[PDB]
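**Q** Just to be clear, this is only the beginning of the complex, oriented as in the whole thing:
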Amino acid sequence: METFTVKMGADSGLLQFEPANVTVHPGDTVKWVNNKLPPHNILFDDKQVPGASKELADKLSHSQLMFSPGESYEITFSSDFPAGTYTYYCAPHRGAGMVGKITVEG
Amino acid sequence: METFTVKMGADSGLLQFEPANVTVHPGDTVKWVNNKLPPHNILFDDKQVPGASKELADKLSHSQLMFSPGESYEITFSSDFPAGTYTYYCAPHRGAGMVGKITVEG
Amino acid sequence: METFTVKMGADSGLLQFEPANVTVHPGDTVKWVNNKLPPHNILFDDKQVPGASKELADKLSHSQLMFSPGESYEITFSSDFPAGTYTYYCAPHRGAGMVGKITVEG
């Protein structure tokens, strides 16, 4: 049972989540930490989560912008969460391809 | 049991939903398709749905922007949904009066 | 039992919630009325409401922009709402420190 940290804005100054792709196990937690060039947010589309569930995509999205360095958000993927891929994106930096994918393994 | 299709942005290039007003029967589905001049989204204000239920207005809204041509979002109005009007709008094009109204009938 | 009115944007023209800090009881209602310099919205971060409950913060947030004068949003704090502080802000005027705080008491 582990916590994976994802940086919001690469140290370099690149507009990415790093790491962009993470694989986690039921019981684990992804923690987003505000890093370079804020603001960022974390959105999952209706069609971009297991079973295309809007209820679930909405529950997980953190649409509110995160401004100061240090600001964070955790999603902990309990065994209620269906296995599969959770593709998310940052709204202000969608143009730049600020994208991420979480895979919940088996 | 049928699916009504609403275009986002008229073929003409006008910034409206087309058709803006639709009447539907319980069990039917409304499907928005991204047509002209993206991006669009679909918002239902708290006071704009039967019983002014924010819980329900929120469930239905798709506040995330739809950018690419062909993207779609469906609401299907099962027998849980109260009879009456559901009035909505596109945030980016609020200024242009890009508004719509679904009427759940009988 | 009562309804506390909160102006969005002060009479003077300052970008504030007025009154900013409010103490309510179980059974009471907070009503936000659109006043000066719209648009405004009312956002609760996940970490900013008792128990740090995102479910709660999301249910309470009115992220949709309120534009026309006199537009309103009420939250009525029943026995169900946990006692404690609910700290909110206005997205468009966050830079200006357009912030507020509701304290549910006993």
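**A** Looks like it arrived, so ask away. Numbers count the residues shown, from 1 in each chain, chains lettered A, B, ... in the order given.

**Q** ok, the residue of chain A found nearest chain C to chain B distance?
**A** For chain A, the nearest residue to chain C under the criterion CB to the nearest CB is residue A:64, separated by 5.8 Å. All C-beta spots, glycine's among them, are computed from the backbone N, C-alpha and C. Look at residue A:64 and chain B: by CB to the nearest CB, to the nearest Å, they are 12 Å apart.

**Q** how about the residues of chain A near chain B?
**A** Proximity of chain A to chain B is confined to A:43, A:45, A:46, A:54, A:55, A:61, A:63, A:91, A:94 under the rule CB under 8 Å from any CB of the partner chain.

**Q** how about the strands in chain A?
**A** For chain A, strands defined by DSSP state E occupy the ranges A:3-8, A:17-18, A:21-24, A:29-34, A:40-44, A:62-66, A:72-76, A:84-89, A:99-104.

**Q** Serialize those to a markdown table and add fields for distance to residue C:34 and mean neighbour count.
**A** What follows is these, written out as a markdown table (distance: least, CB to CB, whole Å; neighbours: other CB atoms under 10 Å in any protein chain shown):
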| stretch | distance to residue C:34 | mean neighbour count |
| --- | --- | --- |
| strand A:3-8 | 33 | 18 |
| strand A:17-18 | 36 | 22 |
| strand A:21-24 | 42 | 16 |
| strand A:29-34 | 31 | 18 |
| strand A:40-44 | 25 | 23 |
| strand A:62-66 | 21 | 20 |
| strand A:72-76 | 29 | 17 |
| strand A:84-89 | 31 | 18 |
| strand A:99-104 | 36 | 19 |
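
**Q** Out of these, which is closest to residue C:75?
**A** Judged by CB to CB, the one of the strands of chain A that comes nearest to residue C:75 is strand A:62-66, at 17.2 Å.

**Q** strand partners of that closest one, parallel vs antiparallel please.
**A** If you go by DSSP bridges, strand A:62-66 pairs up with strand A:40-44 (antiparallel).

**Q** Next, the angle from the partner strand to strand A:3-8.
**A** Between strand A:40-44 and strand A:3-8, the angle formed by their directions is 120 degrees, by axes from the mean of the first three to the mean of the last three CA atoms, to 10 degrees.

**Q** how big is the angle separating strand A:40-44 from strand A:99-104?
**A** Going by the same axes, to 10 degrees, strand A:40-44 makes 50 degrees with strand A:99-104.

**Q** What are the contacting residues of strand A:40-44?
**A** The contact list for strand A:40-44, computed with CB atoms under 8 Å, 6 or more residues apart in numbering or on different chains, reads A:8-9, A:32, A:34, A:56-57, A:60-66, A:73, A:86-93, A:98, A:100, B:64.

**Q** ok so, going back, and the residues of chain A next to chain B, which are buried?
**A** Neighbour-count burial (16 or more other CB atoms under 10 Å in any protein chain shown) applied to those gives A:43, A:45, A:46, A:54, A:61, A:63, A:91.

**Q** Chain D comes next; put it on the structure above:
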Amino acid sequence: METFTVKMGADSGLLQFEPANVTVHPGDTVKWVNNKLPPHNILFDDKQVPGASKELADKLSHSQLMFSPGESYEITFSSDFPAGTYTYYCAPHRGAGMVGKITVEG
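**A** Okay, chain D now, added to the rest:
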């Protein structure tokens, strides 16, 4: 010696200049009038005027936004102006292809 009027935003509500293409004679004047869905402006890029003269493109642009209905801006093409095409666009509505072209003839 005449004045051609160009509407900013078609009566239909379409985001174009109307008429988008105009031919004028030396000594004539083009007058833009703010019509539907303000705000608009008029920009001529450096490379979009005869001889790709930035000095001239800049003179002609009215980058400031026109907000209220009835606002207008005139260019009058005296004999100083080189013969040829002057292609322009509206910044806010670039995405919608709100573009126009004046042709100074003979």
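
**Q** Look up how far residue B:40 lies from residue A:25.
**A** As judged by CB to CB, to the nearest Å, residue A:25 and residue B:40 stand 38 Å apart.

**Q** Can you tell me, leaving aside adjacent residues, what's nearest to residue A:25?
**A** Leaving aside its sequence neighbours, residue A:25 sits nearest to residue A:105 (CB to CB, 6 or more residues apart in numbering or on different chains; 5.6 Å).

**Q** Next: residue A:29.
**A** Spatial nearest neighbour of residue A:29, chain neighbours left out: residue A:76 (4.0 Å); criterion: CB to CB, 6+ apart.

**Q** my guess is the one you found meets residue A:28, correct?
**A** Yes - counting by CB atoms under 8 Å, residue A:28 is a contact partner of residue A:76 at 7.2 Å.

**Q** Residue numbers of chain A in contact with chain C?
**A** By the rule CB under 8 Å from any CB, the part of chain A lying against chain C is A:58, A:59, A:62, A:63, A:64, A:65, A:67, A:73.

**Q** could you dump the residues you listed to CSV with distance to chain D?
**A** Below are those laid out as CSV (distance: CB to the nearest CB, whole Å):
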residue, distance to chain D
A:58, 28
A:59, 32
A:62, 28
A:63, 23
A:64, 26
A:65, 23
A:67, 26
A:73, 32
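
**Q** of all these, which comes closest to residue A:80?
**A** If you rank those by distance to residue A:80 using CB to CB, residue A:59 comes first, at 10.6 Å.

**Q** tell me the contacts of that closest one?
**A** Counting by CB under 8 Å, 6+ apart, residue A:59 has contacts C:54, C:55.

**Q** if we go to 6 Å?
**A** Contact partners of residue A:59, counting by CB atoms under 6 Å, 6 or more residues apart in numbering or on different chains, are absent.

**Q** same thing with residue A:62?
**A** Contact partners of residue A:62, counting by CB under 6 Å, 6+ apart, are A:41, A:42, A:73.

**Q** and stretch A:61-69, C-alpha only, in PDB?
**A** The C-alpha coordinates for stretch A:61-69 follow below in PDB (Å, rounded to 0.1, in the frame of the first residue of the first chain):
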ATOM      1  CA  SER A  61     -12.000  15.300 -11.000                       C
ATOM      2  CA  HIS A  62     -10.400  18.300  -9.200                       C
ATOM      3  CA  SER A  63     -11.600  21.000 -11.500                       C
ATOM      4  CA  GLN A  64     -10.800  23.800  -9.100                       C
ATOM      5  CA  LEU A  65      -7.400  25.400 -10.000                       C
ATOM      6  CA  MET A  66      -4.400  24.900  -7.800                       C
ATOM      7  CA  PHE A  67      -2.300  27.900  -7.500                       C
ATOM      8  CA  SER A  68       0.400  27.900  -4.700                       C
ATOM      9  CA  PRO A  69       3.400  25.500  -4.800                       C
END
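
**Q** include chain E too:
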Amino acid sequence: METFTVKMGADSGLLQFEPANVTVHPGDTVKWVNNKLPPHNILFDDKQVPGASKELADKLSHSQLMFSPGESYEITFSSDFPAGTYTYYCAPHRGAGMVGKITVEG
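**A** Just below you will find chain E, in place on the chains above:
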């Protein structure tokens, strides 16, 4: 021969130039100093300066945004400047009525 300082954003936090109205004499200088709630800029419309001269309105406009406190801009009104009123506005805060007027006396 004097320099009139104008604050960009009132100490209170109000979105105004203070003083909003200034009367100056040929040879004097108005100095805008970035104060509260940046960014601000200073625009004069074509029609808003003596003789409706776009050449003059453009020369005087400081459209570029001013971000850090302390940033400034001077216009010194030599006797080439025609007497009369120079109405200007801040673009980001046009909605708020962030407006100013300089009168060049006799």
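
**Q** back to the contacts of residue A:59, now that we've got chain E?
**A** Residues in contact with residue A:59 (CB under 6 Å, 6+ apart): none are found.

**Q** Now do it against chain B, distance only.
**A** From residue A:59 across to chain B, the span is 11 Å (CB to the nearest CB).

**Q** same check, this time on residue A:87
**A** Going from residue A:87 to chain B by CB to the nearest CB gives 13 Å.

**Q** Residue A:36 too?
**A** The gap separating residue A:36 from chain B is 24 Å, by CB to the nearest CB.

**Q** Pull the number of nearby residues for that residue.
**A** Residue A:36: 17 surrounding residues under other CB atoms under 10 Å in any protein chain shown.

**Q** That one contacts residue A:9, correct?
**A** Yes - contact criterion CB atoms under 6 Å: residue A:36 and residue A:9 qualify, at 3.3 Å.

**Q** Look up the residues that both of these two are in contact with.
**A** By CB under 6 Å, 6+ apart, no residue touches both residue A:36 and residue A:9.

**Q** Please name the nearest non-neighbouring residue to residue A:21.
**A** residue A:101 (5.1 Å).

**Q** who's that neighbour bridged to?
**A** Residue A:101 forms beta bridges with residue A:21, residue A:87, as assigned by DSSP bridges.

**Q** residues contacting it?
**A** Contacts of residue A:101 by CB under 6 Å, 6+ apart are A:21, A:85, A:87.

**Q** how about the second one, what does it touch?
**A** Counting by CB under 6 Å, 6+ apart, residue A:85 makes contact with A:101, A:103.

**Q** What separation do you get for it and residue A:17?
**A** 15 Å.

**Q** now residue A:93
**A** Distance, residue A:93 to residue A:17, using CB to CB: 10 Å.

**Q** now residue A:45
**A** From residue A:45 to residue A:17 the distance is 16 Å (CB to CB).

**Q** For residue A:35, give me its contacts.
**A** Residues near residue A:35 by CB under 6 Å, 6+ apart: A:7, A:8, A:9.

**Q** Residue A:69: neighbour count?
**A** Residue A:69, neighbours per other CB under 10 Å, totals 12.

**Q** just checking, it touches residue A:34?
**A** Yes - counting by CB under 6 Å, residue A:69 touches residue A:34, with 5.5 Å between them.

**Q** Give me the nearest residue to residue A:11, chain neighbours excluded.
**A** residue A:36 (6.6 Å).

**Q** ditto for residue A:1
**A** residue A:27 (4.7 Å).

**Q** The one you found is in contact with residue A:2, isn't it?
**A** No - counting by CB under 6 Å, residue A:27 sits too far from residue A:2 to count as a contact (8.5 Å).

**Q** Compare neighbour counts for the two and give me the winner.
**A** Legend: neighbour count by other CB under 10 Å for residue A:27 and residue A:2, higher for residue A:27 (12 against 9).
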